[PDB]
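What follows is a single structure, written as structure tokens, with notes after it.
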Ligand SMILES: Cc1cn([C@H]2C[C@H](OP(=O)(O)O)[C@@H](COP(=O)(O)O)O2)c(=O)[nH]c1=O
Ligand SMILES: [Ca+2]
């Protein structure tokens, strides 16, 4: 996989963000995770966590996987990095997302994220409390 440039347009919630990618605005949905909706328990914390990561980043990058690059809603499907740190993994490691929506052929980082979930779960963090 390859990292490509993007710039923040605006945070949306724990697992979606609006970025400018190849000069076009698009909403990105984070691969392989599910944060609670803003209206649910840990939803505000998930939203906050992603907002902070992307707004503080000097460099945002998007990494597509091998499979579909947009979903049925026209959202980009990617791993999103803030100064080299992957938000997808970070939200899971913090107990602010569950590994979810693991579809064949867009699952390159599946093991890495499950390992993070196992550790968040061992620590009883947030969702796992
Ligand atoms: C993360 C992801 C979501 N989706 C679709 C599946 C779900 O369809 P449904 O809306 O029919 O439930 C939806 C969940 O996204 P959200 O968790 O943002 O609601 O997004 C994909 O198709 N591929 C993906 O990789
Ligand atoms: Ca969600």
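All positions are counted from 1 along the displayed chain.
Structure determined by X-ray crystallography, 1.7 Å.
Any Cβ shown, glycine's included, is placed from N, Cα and C.
In Swiss-Prot this protein carries:
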| type | residues | note |
| --- | --- | --- |
| BINDING | 15, 34, 35 | Ca(2+) binding site |
| ACT_SITE | 29 | active site |
| ACT_SITE | 37 | active site |
| ACT_SITE | 75 | active site |
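Here the features listed in Swiss-Prot are painted onto the structure.
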{"residue": "15", "record": "Ca(2+) binding site", "contacts (Cβ under 8 Å, 6+ apart)": "29, 30, 33, 34, 35, 46, 50, 91, 97"}
{"residue": "37", "record": "active site", "contacts (Cβ under 8 Å, 6+ apart)": "13, 43"}
{"residue": "75", "record": "active site", "contacts (Cβ under 8 Å, 6+ apart)": "16, 26, 27, 28, 29"}
Taking a cut-off of under 6 Å between Cβ and any atom of ligand 1, tell me which of the recorded positions 29, 34, 35, 37, 75 pass. 29, 34
Other than 15, 34, 35, which residues of the chain come within 8 Å of the Ca(2+) site, judged by Cβ distance to the Cβ centroid of those residues? 13, 14, 30, 33, 36, 46, 91, 97, 98, 100
Other CB atoms within 10 A, centred on residue 29 (active site): 19
Row residue 35 (Ca(2+) binding site), column other C-beta within 10 angstroms, all chains, value 25
